[PDB]
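Reading through the structure tokens given below for one structure.
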Amino acid sequence: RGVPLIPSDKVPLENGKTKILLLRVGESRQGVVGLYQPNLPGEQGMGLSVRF
Amino acid sequence: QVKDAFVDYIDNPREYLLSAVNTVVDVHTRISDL
């Protein structure tokens, strides 16, 4: 019905018996959003830092 | 110092050695990062 099925081996699977999820994403649509820490020392990426 | 204040000086003047005091400040990296 126009909504794609996305693969992820991280969805649990135990003797068969897995699960399927349906998401709406976005802050403006009141959906699901991810949260990260914007300013970091090191700051190798979005919410990621490497330090000596 | 002048001794018994000719002008003589004392042969064993006091020497002041600066002392050091230390403190280790520990901060978790998640507390400062977040």
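Here's how to read the names in the structure tokens: chain A, B, ... by the order shown, residue numbers from 1 in each chain, ligand numbers from 1 in the order shown.
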
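Residue list for chain B within 10 Å of chain A: residues 29, 32, 33 and 34 of chain B, counting only C-alpha atoms.
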
Only N, CA and C atoms, please: the residues just picked out, written as a compact mmCIF listing (two decimals), in the first residue's frame.
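Result saved to selection.txt:
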# COMPACT_ATOMS: atom_id res chain seq x y z
N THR B 29 33.49 12.09 31.77
CA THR B 29 33.39 12.71 30.45
C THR B 29 31.94 12.81 30.00
N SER B 32 30.53 16.16 31.64
CA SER B 32 30.92 17.37 30.93
C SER B 32 30.39 17.39 29.51
N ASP B 33 30.29 16.23 28.86
CA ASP B 33 29.79 16.19 27.49
C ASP B 33 28.31 16.51 27.42
N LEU B 34 27.52 15.96 28.34
CA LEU B 34 26.07 16.10 28.24
C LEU B 34 25.58 17.39 28.86

Near residue 5 of chain A, within 10 Å and counting only C-alpha atoms, which residues show up once chain neighbours fewer than 6 positions away are dropped, as JSON, numbers by chain? {"A": [20, 21, 22]}

Running DSSP on the backbone, which parts of chain B land in alpha helix (DSSP H), as number ranges by chain? B: 29-33

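Atom pair atom CA of residue 18 of chain A / atom CA of residue 2 of chain A has a distance of 22.4 Å (rounded to one decimal).
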
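Take atom CA of residue 3 of chain B and atom CA of residue 15 of chain B: the distance between them is 16.3 Å.
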
What gap, in Å, lies between atom CA of residue 51 of chain A and atom CA of residue 33 of chain A?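 A separation of 27.6 Å between them.
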